[PDB]
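*Asks:* This is the structure I want to talk about, given as structure tokens.
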Amino acid sequence: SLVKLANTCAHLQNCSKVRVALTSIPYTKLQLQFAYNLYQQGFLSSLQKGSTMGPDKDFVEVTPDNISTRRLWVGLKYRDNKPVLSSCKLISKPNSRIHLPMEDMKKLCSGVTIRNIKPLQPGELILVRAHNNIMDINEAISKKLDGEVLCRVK
Amino acid sequence: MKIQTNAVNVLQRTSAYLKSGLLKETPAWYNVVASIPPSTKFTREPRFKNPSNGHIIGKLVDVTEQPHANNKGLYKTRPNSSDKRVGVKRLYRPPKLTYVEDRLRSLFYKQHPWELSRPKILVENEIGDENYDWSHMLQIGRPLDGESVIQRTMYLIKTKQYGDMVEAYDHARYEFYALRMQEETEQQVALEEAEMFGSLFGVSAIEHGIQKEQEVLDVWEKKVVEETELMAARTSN
Amino acid sequence: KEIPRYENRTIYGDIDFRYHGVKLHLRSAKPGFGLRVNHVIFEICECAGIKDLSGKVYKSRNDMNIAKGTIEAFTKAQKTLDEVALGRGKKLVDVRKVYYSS
Amino acid sequence: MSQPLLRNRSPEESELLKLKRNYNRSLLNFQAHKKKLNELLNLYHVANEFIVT
Amino acid sequence: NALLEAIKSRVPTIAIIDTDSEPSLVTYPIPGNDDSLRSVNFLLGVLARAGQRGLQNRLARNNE
Amino acid sequence: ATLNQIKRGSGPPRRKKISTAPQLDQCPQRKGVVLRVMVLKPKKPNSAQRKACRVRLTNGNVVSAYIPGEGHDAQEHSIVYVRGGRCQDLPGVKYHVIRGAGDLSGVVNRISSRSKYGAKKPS
Amino acid sequence: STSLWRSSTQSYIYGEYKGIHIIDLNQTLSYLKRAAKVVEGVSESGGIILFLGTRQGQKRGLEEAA
Amino acid sequence: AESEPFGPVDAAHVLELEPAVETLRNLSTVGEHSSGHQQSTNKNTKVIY
Amino acid sequence: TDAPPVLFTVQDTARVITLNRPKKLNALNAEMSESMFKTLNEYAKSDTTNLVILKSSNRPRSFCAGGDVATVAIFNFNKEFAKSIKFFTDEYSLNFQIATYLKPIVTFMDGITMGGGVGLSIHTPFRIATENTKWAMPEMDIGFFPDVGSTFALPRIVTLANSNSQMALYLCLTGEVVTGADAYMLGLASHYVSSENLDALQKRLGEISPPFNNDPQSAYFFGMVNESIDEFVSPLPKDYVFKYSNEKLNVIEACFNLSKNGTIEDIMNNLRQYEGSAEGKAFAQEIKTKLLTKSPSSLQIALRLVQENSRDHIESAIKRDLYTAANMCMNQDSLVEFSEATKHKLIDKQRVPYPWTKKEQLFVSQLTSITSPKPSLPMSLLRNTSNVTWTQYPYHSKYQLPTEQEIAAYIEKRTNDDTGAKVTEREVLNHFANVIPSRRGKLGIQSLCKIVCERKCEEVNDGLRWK
RNA sequence: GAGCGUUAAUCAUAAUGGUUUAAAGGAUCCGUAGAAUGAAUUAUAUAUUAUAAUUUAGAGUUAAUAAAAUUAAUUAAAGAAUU
RNA sequence: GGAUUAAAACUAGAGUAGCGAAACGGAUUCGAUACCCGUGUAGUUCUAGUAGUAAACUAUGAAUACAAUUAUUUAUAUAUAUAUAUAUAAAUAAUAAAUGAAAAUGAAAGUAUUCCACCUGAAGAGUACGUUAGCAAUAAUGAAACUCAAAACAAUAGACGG
RNA sequence: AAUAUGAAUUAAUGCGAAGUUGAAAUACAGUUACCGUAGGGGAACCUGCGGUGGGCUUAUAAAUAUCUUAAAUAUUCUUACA
Ligand SMILES: [K+]
Ligand SMILES: [K+]
Ligand SMILES: [K+]
Ligand SMILES: [K+]
Ligand SMILES: [K+]
Ligand SMILES: [K+]
Ligand SMILES: [Mg+2]
Ligand SMILES: [Mg+2]
Ligand SMILES: [Mg+2]
Ligand SMILES: [Mg+2]
Ligand SMILES: [Mg+2]
Ligand SMILES: [Mg+2]
Ligand SMILES: [Mg+2]
Ligand SMILES: [Mg+2]
Ligand SMILES: [Mg+2]
Ligand SMILES: [Mg+2]
Ligand SMILES: [Mg+2]
Ligand SMILES: [Mg+2]
Ligand SMILES: [Mg+2]
Ligand SMILES: [Mg+2]
Ligand SMILES: [Mg+2]
Ligand SMILES: [Mg+2]
Ligand SMILES: [Mg+2]
Ligand SMILES: [Mg+2]
Ligand SMILES: [Mg+2]
Ligand SMILES: [Mg+2]
Ligand SMILES: [Mg+2]
Ligand SMILES: [Mg+2]
Ligand SMILES: [Mg+2]
Ligand SMILES: [Mg+2]
Ligand SMILES: [Mg+2]
Ligand SMILES: [Mg+2]
């Protein structure tokens with residue numbers, strides 16, 4: 001769901017403004033892939049599976065009995081009195097989805113505004129979804145993949 | 001109030017003054033602050049345990065952990081509404097510290113109201129010097145009071161001499177009565193023995209109270225008379 | 001105040017900053033691009049040492065609030081590559097600068 | 001990441017779940033039925049004070 | 001007033017920060033009760049002796 | 001507006017100057033015949049005796065044209081050429097007559113800005 | 001009092017007890033040691049150290065510290 | 001990655017250009033008396049007189 | 001799919017390495033060592049990592065119970081000598097990388113730190129101990145030698161009764177376990193921090209960064225790391241009393257004082273011919289009992305290495321341990337019992353000591369062969385990003401408690417000064433607690449200085465003489 | 001500059017917008033179309049869509065237990081005062 | 001598209017005490033087609049309908065996810081050394097952050113998402129014409145020409161106030 | 001029937017200058033203003049009915065207070081005592 005992803009993007013911005021060290025997001029494949037990309041890129045300190053009440057200390061298998069109570073817990077980073085994850089916005093919106101070929105993704109990473117999408121800025125992360133997998137735009141260009149431009153994180 | 005930035009970055013703002021040349025001379029604090037960086041995260045931190053009672057914070061009991069029926073005779077097969085509400089706020093709210101001794105302390109002073117009348121000094125001397133062996137109630141350095149009973153009760157339950165808290169508490173209470181009776185006699189006898197050897201005392205406690213009551217009853221006499229004369233005039237109207 | 005400058009000529013990336021009623025859209029520019037911005041912003045860039053910059057002002061074009069907004073944007077809306085790298089624990093490479101390196 | 005997101009209930013787990021859920025519904029129906037009979041008994045004890053003739 | 005002037009003047013500051021006090025307004029906060037004279041005088045004394053040791057070490061290096 | 005409202009027509013209004021000489025019919029100038037020469041009073045705070053003229057254009061539109069320059073020889077039945085441009089202080093006078101065209105002569109003894117007053121160059 | 005809490009101090013709180021917040025002394029000690037080293041450094045460097053306290057009774061401590 | 005090496009050749013691939021050193025070498029073989037000067041790949045257009 | 005043996009995580013600008021083998025008490029195998037060795041080379045090249053933190057995920061149960069020698073024993077029984085030599089080349093190469101690492105490494109010794117664990121901390125100037133620390137080198141009971149460069153570290157860092165490596169030989173030959181505060185006072189731990197304060201300390205370590213134009217490899221940053229840890233140090237428990245009394249320190253300093261060609265028999269003679277207090281005499285018998293339940297060959301090899309790696313540079317000392325380990329797994333001359341003893345204790349649970357058979361006295365040539373590289377087996381330590389060697393640790397002294405040789409140097413210097421003044425115990429305490437910048441206010445520094453003066457100095461008039 | 005000016009026109013010059021109080025929230029709700037938008041897991045396909053199976057966090061149904069006596073429509077009554 | 005929709009008004013049949021447009025008188029006033037007083041018709045009431053308009057206002061469309069505190073009630077639940085205490089929601093009040101032209105908003109007028117309605121200088125004008133609906137009053141829909149460089153909001157310091 | 005043109009005839013409105021008759025609005029604007037609707041009047045406007053605040057949140061006391069060693073002891077204290 002792009003709506004759920006929009007909710008998570010706004011939630012992370014709200015948490016950064018108040019500078020909470022730990023927060024939770026919905027437990028879904030897309031959310032987990034989204035969070036994992038942020039973790040590998042250094043935007044998130046930690047990524048743990050858990051419940052509504054907090055991160056799990058020991059592995060708890062997820063089943064239909066507890067799926068409704070599952071959450072993903074992420075740790076936010078702050079350095080030099082500044083949040084590492086300052087902004088998080090969707091590019092492809094629920095009511096206007098944007099699919100780009102690899103050629104247009106290369107233009108976006110080169111400073112060209114494609115379909116009103118402002119080009120990639122220094123130190124910014126743009127994520128792309130292709131065949132239900134989320135990857136960095138630079139990685140999609142390396143794999144010659146065409147996909148939906150989901151969001152941009154800075 | 002907004003998280004301030006300029007108080008913790010004095011070193012970085014100063015460094016720009018020196019590099020540009022706006023400030024010719026390095027301040028004396030400059031080197032000290034550089035070697036000892038200020039903390040500048042100002043984040044809210046989660047907590048997963050109450051330090052007082054060791055209760056775990058942030059743990060959800062899954063339905064798989066409640067296989068048996070409840071007090072109503074029903075099994076739990078699905079999460080309830082409370083289980084489905086995010087509880088992040090509990091991770092950040094300062095835990096309420098609780099102690100079993102607090103319950104006993106309230107009981108002791110409910111059973112012995114006049115123990116409250118014995119003045120207590122809250123000013124600490126040195127908490128780290130307290131070397132107490134609670135096998136006995138009396139201790140060198142601290143008064144005999146309700147706390148002596150509570151600590152004795154805990155030692156009994158900690159050593160497992162008694163199982164029920166009530167039994168340990170009752171045992172400690174009797175030890176407290178014995179010590180209180182020996183002191184009430186030492187004071188009575190000491191006064192009696194001194195008077196028998198020619199000790200003289202200016203004012204007794206009973207006398208002190210009479211004098212203080214006289215001072216108050218004298219002002220009260222004047223006002224009563226004054227207010228019983230204004231009434232007579234005002235009522236005459 | 002000191003303002004971060006990328007290669008001591010321009011800003012780090014693009015800035016979309018709102019100062020009261022003034023909407024400032026500033027874009028970094030290539031070497032030799034010059035200053036193509038509101039006249040108020042031009043003077044500030046000259047004193048600050050910014051040589052290449054593009055941008056547009058939207059909504060309110062009050063000179064006083066443009067100047068203050070610009071100064072605030074140059075400090076509160078920029079992040080150096082070094083600061084981004086340290087916060088994220090990653091290496092950030094300027095491809096154009098590496099292309100002309102040994 | 002390699003862990004599966006969800007593990008489907010085994011056929012046996014679904015059987016035990018259905019047993020508990022059927023029991024829960026049956027117990028509540030029985031308890032309500034017995035409560036109604038206990039109120040009918042307490043009403044019989046006092047029907048000698050009620051007038052119908 | 002004093003804290004804001006120190007910020008404007010780039011003067012590092014130390015302060016006792018109680019639960020109702022803003023930590024970010026000082027360079028080096030010390031969390032602690034600021035209402036009791038015993039608590040304040042205990043913390044002030046420690047800082048004062050630390051300064052004294054620094055002063056004695058500076059006067060000692062001058063002698064030798 | 002929402003994305004669907006924009007799809008249905010919602011959008012920013014367009015900015016384009018509107019015609020201030022509708023009677024000319026998108027022509028640089030139109031010939032006309034003076035119906036009556038008149039003198040009008042500026043709207044406040046201006047004071048003057050502004051010379052104007054009512055003109056019937058070759059397209060049938062009747063307009064009021066300001067006669068620029070010091071002194072004019074325009075009369076009734078005189079052939080005049082009318083161009084765009086309003087007289088700001090005279091409401092309803094939205095056009096100008098061209099000096100030195102038709103039966104309206106150039107300003108007598110004009111030295112500066114002669115081209116604007118139909119004055120030929122002195123030898 | 002917990003009623004007067006400035007939530008920006010949340011990370012310094014050990015818990016609440018008897019209607020007041022208990023400050024975490026483990027953090028106080030670490031902050032106190034850090035602050036003390038700064039005072040020692042500035043003193044050893046010859047800097048001017050000003051002690052400001054305007055609550056009743058603080059003068060005696062302030063004068064001796066200086 | 002924080003410890004990933006990135007050099008001029010890697011940058012050239014990113015920008016889809018020949019390495020800068022190659023450009024310098026190709027610009028030194030342009031002189032009429034310089035080494036490497038070659039022009040024959042174009043002699044493949046049928047002409048009739 | 002399986003939990004990785006070692007977990008790597010980012011802590012702001014600090015990189016946390018966590019040992020993740022709880023069921024094995026964080027035992028170090030070739031996989032763990034190789035992973036850590038490779039990841040540390042990358043962090044050395046990185047310009048965003050300021051320091052590294054080596055901890056365990058099992059604290060306070062254990063930090064590292066020692067290298068995985070039970071698996072090396074099975075290799076020997078299966079003649080998989082190539083596998084065994086790989087395990088020691090990886091471990092010893094990782095110990096050499098840590099010793100010469102140019103960025104601060106901070107080891108949290110929160111639990112059992114025995115064997116390989118000692119190699120993970122002994123080579124770092126910032127080795128923090130806790131109440132749960134249990135330092136020991138129990139190799140003599142398994143038939144092995146003191147490895148992981150412990151024959152180069154202990155003779156150079158121990159604080160008391162270590163003038164001639166007497167205390168170093170006592171710990172390596174007896175396998176005595178030192179606990180918490182005692183490890184800090186002996187010099188085994190640079191700092192003593194309560195376990196409860198480790199979380200806060202870790203966060204502060206990630207937040208500190210070199211100032212201005214100083215790299216994390218500069219001495220200036222090393223001082224900053226030391227100060228940060230000190231802010232979390234707390235005063236020792238009031239009841240705490242040092243483990244070894246002066247009388248017990250006199251037995252070790254005399255009974256383990258050998259020459260450049262000493263032998264384990266010489267130590268046995270001193271322990272059997274010791275004279276003095278009743279406690280000292282009884283203490284010497286306790287050591288004699290213990291030293292007679294060890295491997296007769298291991299004790300001689302340990303003494304050889306201590307007398308060889310106490311005056312050599314780090315690289316040659318670590319390399320000599322690789323040769324010894326390889327020359328022991330492959331028992332060409334049937335002079336050791338490392339493999340059989342290891343199975344008797346680890347592979348098979350047997351409280352009783354392994355009955356020893358090699359009870360002879362190896363010659364100087366025999367010891368040389370066991371501790372020298374065989375020309376047929378070429379083994380070399382993996383290359384690190386520093387590739388440097390030196391005879392003295394570059395930072396250990398500045399940030400640990402002073403040794404008995406440093407206090408002596410100041411008494412001799414002060415006593416031989418033109419001032420013509422008298423050295424007084426009070427002046428010694430002040431000079432070590434309130435003078436040296438890196439030692440100012442160091443925990444348990446005055447207590448250690450008083451132990452040294454009461455046992456090493458002679459108080460005549462208002463002066464002190466170095467007996 | 002052999003053009004210059006002027007008139008007539010075209011493009012550009014702010015929606016990288018707004019609607020408490022400045023132009024602008026429909027009196028309110030119900031609900032049809034929507035070529036509007038919208039959960040979870042897995043597997044395929046021709047792939048942000050389709051299909052199938054599965055799931056319960058949205059949305060509902062029925063009970064049990066406790067709580068409340070209001071809001072509509074209708075019928076039947078009361079009250080102080082006024083003329 | 002449908003339904004409901006204050007007051008006034010209208011169509012029938014009842015009712016009509018009090019109140020009360022209008023009208024007729026009395027005062028006040030330079031004058032008083034007013035304010036005040038009298039007599040007081042429609043109306044105000046009920047029954048059955050028509051009509052669908054209000055400063056019909058929170059001048060703020062609905063829904064979902066989310067973000068820092070306090071106080072005060074309410075509800076549910078839990079516990080007991082039985083009346084408090086501990087929890088979780090709702091409401092209200094004051095706020096942090098954020099937003100804003102500011103006044104201020106404060107869980108939205110914040111961070112986001114989805115759908116609908118609506119606006120594009122003033123005046124002309126919610127007017128003209130046409131159409132639709134209604135017994136009617138009217139309601140809905142809804143322009144252009146001409147003219148002008150205005151027009152409007154928040155806030156600031158004054159001046160003034162029967 | 002539509003489109004266009006003129007058209008008897010007839011409706012609404014803008015601007016321009018000053019005057020005339022009142023003083024309706026802005027302060028409690030001298031009867032609170034305004035919204036819907038109805039009736040009336042030279043003109044603004046007046047009156048009835050309901051609604052709104054873009055007017056009254058502009059909100060600010062029926063007062064009364066207590067006992068333990070006043071000092072040879074607290075008040076002094078400068079890294080000392082322990
Ligand atoms: K607004
Ligand atoms: K009536
Ligand atoms: K709507
Ligand atoms: K009026
Ligand atoms: K009205
Ligand atoms: K009216
Ligand atoms: Mg306070
Ligand atoms: Mg030309
Ligand atoms: Mg445009
Ligand atoms: Mg809106
Ligand atoms: Mg509304
Ligand atoms: Mg409206
Ligand atoms: Mg439900
Ligand atoms: Mg009403
Ligand atoms: Mg009627
Ligand atoms: Mg009349
Ligand atoms: Mg009259
Ligand atoms: Mg009347
Ligand atoms: Mg109707
Ligand atoms: Mg109307
Ligand atoms: Mg309306
Ligand atoms: Mg209403
Ligand atoms: Mg609804
Ligand atoms: Mg109408
Ligand atoms: Mg206003
Ligand atoms: Mg009047
Ligand atoms: Mg008036
Ligand atoms: Mg009025
Ligand atoms: Mg009237
Ligand atoms: Mg009215
Ligand atoms: Mg008003
Ligand atoms: Mg008001």
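Following the order of the structure tokens, first chain is A, next is B, and so on, with residues numbered from 1 inside each chain and ligands from 1 in the order they appear.
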At a cut-off of 12 Å, list the chain A residues touching chain D, using only C-alpha atoms, as a ChimeraX atom specification.
*Replies:* /A:27-37,47-49,59-68,70-72
*Asks:* Give me a file of those residues, with N, CA and C atoms, as a short mmCIF file (atom, residue, chain, number, x, y, z; two decimals), in the first residue's frame.
*Replies:*
```
data_model
loop_
_atom_site.label_atom_id
_atom_site.label_comp_id
_atom_site.auth_asym_id
_atom_site.auth_seq_id
_atom_site.Cartn_x
_atom_site.Cartn_y
_atom_site.Cartn_z
N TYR A 27 3.77 -3.65 10.29
CA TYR A 27 4.52 -4.85 9.92
C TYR A 27 3.98 -5.39 8.60
N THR A 28 4.63 -5.04 7.50
CA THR A 28 4.28 -5.55 6.18
C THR A 28 5.56 -5.71 5.37
N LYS A 29 5.47 -6.50 4.30
CA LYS A 29 6.64 -6.73 3.45
C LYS A 29 7.19 -5.42 2.91
N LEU A 30 6.32 -4.57 2.37
CA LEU A 30 6.77 -3.30 1.82
C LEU A 30 7.44 -2.44 2.89
N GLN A 31 6.82 -2.35 4.06
CA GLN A 31 7.41 -1.56 5.14
C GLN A 31 8.76 -2.13 5.56
N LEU A 32 8.87 -3.46 5.64
CA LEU A 32 10.14 -4.07 6.02
C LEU A 32 11.22 -3.80 4.98
N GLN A 33 10.88 -3.92 3.70
CA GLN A 33 11.84 -3.59 2.65
C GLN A 33 12.21 -2.12 2.69
N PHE A 34 11.22 -1.24 2.87
CA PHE A 34 11.50 0.18 2.99
C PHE A 34 12.43 0.46 4.16
N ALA A 35 12.12 -0.09 5.33
CA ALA A 35 12.95 0.14 6.50
C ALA A 35 14.35 -0.43 6.31
N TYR A 36 14.45 -1.61 5.70
CA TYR A 36 15.76 -2.23 5.50
C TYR A 36 16.65 -1.38 4.61
N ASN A 37 16.09 -0.80 3.54
CA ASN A 37 16.88 0.08 2.69
C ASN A 37 17.40 1.28 3.47
N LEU A 47 16.78 -1.93 13.32
CA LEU A 47 15.54 -2.43 12.72
C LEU A 47 15.22 -3.77 13.36
N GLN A 48 14.18 -3.81 14.19
CA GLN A 48 13.81 -5.00 14.93
C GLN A 48 12.33 -5.30 14.73
N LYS A 49 12.01 -6.58 14.59
CA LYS A 49 10.63 -7.01 14.62
C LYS A 49 10.13 -7.02 16.05
N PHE A 59 13.34 -14.14 19.26
CA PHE A 59 12.55 -14.40 18.07
C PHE A 59 11.16 -14.89 18.43
N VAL A 60 10.15 -14.26 17.83
CA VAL A 60 8.75 -14.65 17.99
C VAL A 60 8.18 -14.86 16.60
N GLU A 61 7.95 -16.12 16.24
CA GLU A 61 7.38 -16.44 14.94
C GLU A 61 6.05 -15.73 14.75
N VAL A 62 5.86 -15.16 13.56
CA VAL A 62 4.64 -14.43 13.23
C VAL A 62 3.65 -15.39 12.58
N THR A 63 2.42 -15.40 13.08
CA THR A 63 1.38 -16.28 12.57
C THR A 63 0.07 -15.51 12.51
N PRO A 64 -0.98 -16.07 11.91
CA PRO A 64 -2.27 -15.37 11.90
C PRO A 64 -2.78 -15.04 13.29
N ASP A 65 -2.35 -15.79 14.31
CA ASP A 65 -2.82 -15.54 15.67
C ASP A 65 -2.33 -14.20 16.21
N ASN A 66 -1.14 -13.76 15.79
CA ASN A 66 -0.55 -12.53 16.30
C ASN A 66 -0.22 -11.51 15.23
N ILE A 67 -0.60 -11.76 13.97
CA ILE A 67 -0.24 -10.84 12.89
C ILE A 67 -0.78 -9.44 13.17
N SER A 68 -2.00 -9.35 13.70
CA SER A 68 -2.60 -8.05 13.96
C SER A 68 -1.85 -7.25 15.02
N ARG A 70 1.60 -7.29 15.35
CA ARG A 70 3.00 -7.17 14.99
C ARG A 70 3.32 -5.75 14.55
N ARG A 71 4.55 -5.32 14.84
CA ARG A 71 5.03 -4.01 14.45
C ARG A 71 6.52 -4.12 14.15
N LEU A 72 7.02 -3.16 13.38
CA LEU A 72 8.44 -3.03 13.11
C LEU A 72 8.97 -1.82 13.86
#
```
*Asks:* At a cut-off of 12 Å and counting only C-alpha atoms (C1' of nucleotides) and all ligand atoms, what residues surround ligand 25? Please answer as JSON, numbers by chain.
*Replies:* {"J": [21, 22], "K": [102, 103, 152, 153, 154, 155, 156], "L": [54]}
*Asks:* Contacts of residue 96 (chain C) at 9 Å or less, counting only C-alpha atoms (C1' of nucleotides), minus same-chain residues fewer than 2 places along, as a count of residues only?
*Replies:* 8
*Asks:* Using only C-alpha atoms (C1' of nucleotides), determine which residues lie at most 12 Å from residue 34 (chain L), disregarding the query and same-chain residues fewer than 2 positions distant; provide the list as a ChimeraX atom specification.
*Replies:* /K:55 /L:25,32,36,51-55
*Asks:* Could you write out that same residue set with C-alpha atoms (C1' of nucleotides) as a PDB file, in the first residue's frame?
*Replies:*
```pdb
ATOM      1  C1'   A K  55     -24.542  35.985  10.515  1.00  0.00           C
TER       2        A K  55
ATOM      3  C1'   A L  25     -23.313  53.836   9.932  1.00  0.00           C
ATOM      4  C1'   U L  32     -26.463  47.539  19.720  1.00  0.00           C
ATOM      5  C1'   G L  36     -33.343  36.117   6.433  1.00  0.00           C
ATOM      6  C1'   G L  51     -31.027  34.211  14.127  1.00  0.00           C
ATOM      7  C1'   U L  52     -25.651  35.991  14.688  1.00  0.00           C
ATOM      8  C1'   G L  53     -21.429  38.679  17.621  1.00  0.00           C
ATOM      9  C1'   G L  54     -18.508  40.737  13.063  1.00  0.00           C
ATOM     10  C1'   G L  55     -21.144  44.171  21.186  1.00  0.00           C
TER      11        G L  55
END
```
*Asks:* Once you count only C-alpha atoms (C1' of nucleotides) and all ligand atoms, which residues end up within 12 Å of ligand 6, and could you hand them over as a list in words?
*Replies:* residues 7, 8 and 21 of chain K; 33, 34, 35, 36, 37, 38, 39, 45, 46, 47, 48, 49, 50 and 51 of chain L
*Asks:* Let me see the file: selected residues, C-alpha atoms (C1' of nucleotides), as a PDB file, in the first residue's frame.
*Replies:*
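Okay, this is what ended up in part-v7.pdb:
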```pdb
ATOM      1  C1'   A K   7     -38.007  32.774  11.361  1.00  0.00           C
ATOM      2  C1'   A K   8     -41.026  35.354   8.029  1.00  0.00           C
ATOM      3  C1'   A K  21     -46.030  44.547  11.405  1.00  0.00           C
TER       4        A K  21
ATOM      5  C1'   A L  33     -25.283  46.508  14.587  1.00  0.00           C
ATOM      6  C1'   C L  34     -25.988  43.051  11.014  1.00  0.00           C
ATOM      7  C1'   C L  35     -28.590  38.249   8.472  1.00  0.00           C
ATOM      8  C1'   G L  36     -33.343  36.117   6.433  1.00  0.00           C
ATOM      9  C1'   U L  37     -38.295  37.616   5.745  1.00  0.00           C
ATOM     10  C1'   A L  38     -42.817  40.859   5.963  1.00  0.00           C
ATOM     11  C1'   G L  39     -45.263  45.659   6.192  1.00  0.00           C
ATOM     12  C1'   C L  45     -34.407  54.384   6.852  1.00  0.00           C
ATOM     13  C1'   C L  46     -38.506  52.707  10.568  1.00  0.00           C
ATOM     14  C1'   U L  47     -41.341  48.506  12.729  1.00  0.00           C
ATOM     15  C1'   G L  48     -42.581  43.114  13.594  1.00  0.00           C
ATOM     16  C1'   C L  49     -40.573  37.797  14.092  1.00  0.00           C
ATOM     17  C1'   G L  50     -36.333  34.456  14.651  1.00  0.00           C
ATOM     18  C1'   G L  51     -31.027  34.211  14.127  1.00  0.00           C
TER      19        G L  51
END
```
*Asks:* Need the shell around residue 3 (chain B): protein/DNA/RNA residues with any atom at most 9 Å away, counting only C-alpha atoms (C1' of nucleotides). Skip same-chain ones fewer than 5 positions apart. Format as a list in words?
*Replies:* residues 81 of chain A; 42 of chain B; 22, 23, 24 and 25 of chain E; 8 of chain G
*Asks:* Let's have the selection written as an mmCIF file, in the first residue's frame, with C-alpha atoms.
*Replies:*
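Written output follows (result_12.cif):
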```
data_model
loop_
_atom_site.group_PDB
_atom_site.id
_atom_site.type_symbol
_atom_site.label_atom_id
_atom_site.label_comp_id
_atom_site.auth_asym_id
_atom_site.auth_seq_id
_atom_site.Cartn_x
_atom_site.Cartn_y
_atom_site.Cartn_z
ATOM 1 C CA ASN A 81 22.145 18.371 17.175
ATOM 2 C CA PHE B 42 18.771 15.739 23.314
ATOM 3 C CA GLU E 22 15.650 23.367 29.558
ATOM 4 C CA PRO E 23 18.866 21.348 29.025
ATOM 5 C CA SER E 24 19.710 22.705 25.564
ATOM 6 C CA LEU E 25 20.259 26.256 26.873
ATOM 7 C CA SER G 8 12.607 17.793 27.247
#
```
*Asks:* Select from chain G everything DSSP, run on the backbone, classes as alpha helix (DSSP H), then give the selection as a list in words.
*Replies:* residues 25, 26, 27, 28, 29, 30, 31, 32, 33, 34, 35, 36, 37, 38, 39, 40, 41, 42, 43, 44, 45, 59, 60, 61, 62, 63, 64 and 65 of chain G
*Asks:* I need the residues from that last selection saved to file as an mmCIF file, in the first residue's frame (with C-alpha atoms), if you can.
*Replies:*
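And here's part.cif as it stands now:
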```
data_model
loop_
_atom_site.group_PDB
_atom_site.id
_atom_site.type_symbol
_atom_site.label_atom_id
_atom_site.label_comp_id
_atom_site.auth_asym_id
_atom_site.auth_seq_id
_atom_site.Cartn_x
_atom_site.Cartn_y
_atom_site.Cartn_z
ATOM 1 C CA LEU G 25 22.129 10.016 39.612
ATOM 2 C CA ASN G 26 24.151 7.687 37.376
ATOM 3 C CA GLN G 27 23.813 10.305 34.640
ATOM 4 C CA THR G 28 24.303 13.171 37.095
ATOM 5 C CA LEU G 29 27.660 11.710 38.128
ATOM 6 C CA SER G 30 28.855 11.369 34.529
ATOM 7 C CA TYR G 31 27.674 14.889 33.688
ATOM 8 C CA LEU G 32 29.165 16.213 36.928
ATOM 9 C CA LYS G 33 32.545 14.663 36.132
ATOM 10 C CA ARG G 34 32.465 16.114 32.618
ATOM 11 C CA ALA G 35 31.493 19.557 33.918
ATOM 12 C CA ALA G 36 34.180 19.376 36.609
ATOM 13 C CA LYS G 37 36.898 18.606 34.059
ATOM 14 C CA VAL G 38 35.840 21.690 32.084
ATOM 15 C CA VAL G 39 36.159 23.926 35.150
ATOM 16 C CA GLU G 40 39.575 22.433 35.901
ATOM 17 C CA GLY G 41 40.716 22.941 32.313
ATOM 18 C CA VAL G 42 39.654 26.583 32.204
ATOM 19 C CA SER G 43 41.203 27.248 35.615
ATOM 20 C CA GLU G 44 44.481 25.613 34.583
ATOM 21 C CA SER G 45 44.426 27.701 31.381
ATOM 22 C CA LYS G 59 26.138 33.698 48.504
ATOM 23 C CA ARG G 60 28.367 31.854 50.979
ATOM 24 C CA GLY G 61 28.984 28.974 48.584
ATOM 25 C CA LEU G 62 29.428 31.340 45.647
ATOM 26 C CA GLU G 63 31.998 33.524 47.410
ATOM 27 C CA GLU G 64 34.128 30.592 48.584
ATOM 28 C CA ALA G 65 33.999 28.919 45.165
#
```
